[PDB]
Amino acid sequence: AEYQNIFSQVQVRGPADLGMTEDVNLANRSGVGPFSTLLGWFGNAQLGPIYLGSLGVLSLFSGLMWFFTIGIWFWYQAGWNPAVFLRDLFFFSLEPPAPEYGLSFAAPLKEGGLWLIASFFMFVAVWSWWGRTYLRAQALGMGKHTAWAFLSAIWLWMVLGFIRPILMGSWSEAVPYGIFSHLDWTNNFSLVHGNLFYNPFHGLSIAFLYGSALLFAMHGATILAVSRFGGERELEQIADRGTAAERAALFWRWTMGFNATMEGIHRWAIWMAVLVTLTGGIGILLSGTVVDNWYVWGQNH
């Protein structure tokens, strides 16, 4: 049989790449990590270095305080029993305040107050990290596509946790912190709003979720299929088109009647994915604030 370039045949290892300098402040860049042969069969073996600045440390701190807050609450629900903690790990839930409390921050610790604290810490952690994806790109002179795409994920999370609960008049509407409890919340949310399948923004979101798997399967396969002509070196193919880019394009033109370029496939890609959470966020924002029942709404309009 030929060989498929899914896993590498021969790994090759040399001096660690310390990375591009550009305007990156090297004081905040760590030492290089160890090489992982296990990882080197599928991708690069190098671990590190990693950059931590003012905002990354802040992000990590708020994120650990988030995990620690959920954690201390979980131990309390477990009665400080290690056996119980492990068995009910997934059933524990740090719920928001009851509807009686509205949007007040004056819920007692054991009735929503801790949820609000965890939420504060998660909010600082995500927005700190977002500012960080921007800053890492800026320091390298790169465009800000990563931070822009990340805003789309942040927007779904912002609606679920914050914008929608506020618009509805109570924190009780937000997502609880638990594995299973968040699943139950999601099912109850569709039930209460009269079937979320009939929310056209859910349907679009699914189209783009499915379509994101379609397009990465198509593009992953494509690039590997032209890796014998160096196709994965996407940036040089953009600057100076090779037979890799031409064959990839022609494969699709001949298959479905149109095609991309090495650059443009990555625009299809960024939008396919970004649209998942952009549409989905609109659909959730609109649920309860504007439409009570999606099925009912769908049969008239």
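Start at 1 and count along the sequence shown; that's the residue number.
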| property | result |
| --- | --- |
| 159 to 167 set against 204 to 212, stretch whose average Cα temperature factor tops the other in the entry | 159 to 167 |
| 278 to 286 set against 12 to 20, stretch whose average Cα temperature factor tops the other in the entry | 12 to 20 |
| Given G141, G102, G131, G220, the residue at which the Cα B factor reaches its maximum | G102 |
| Identity of residue with top Cα B-factor, from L86, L135, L196, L151 | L86 |
| Record-listed C-alpha B factor of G264: chain third | lowest |
| Entry-reported Cα temperature factor of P108, expressed as the chain third it lands in | highest |
| Ranked against its chain, the third holding the CA B-factor of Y51 | middle |
| CA B-factor ranking of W66, expressed as a third of its chain | highest |
| Relative C-alpha B-factor of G230, binned into the chain's lowest, middle or highest third | lowest |
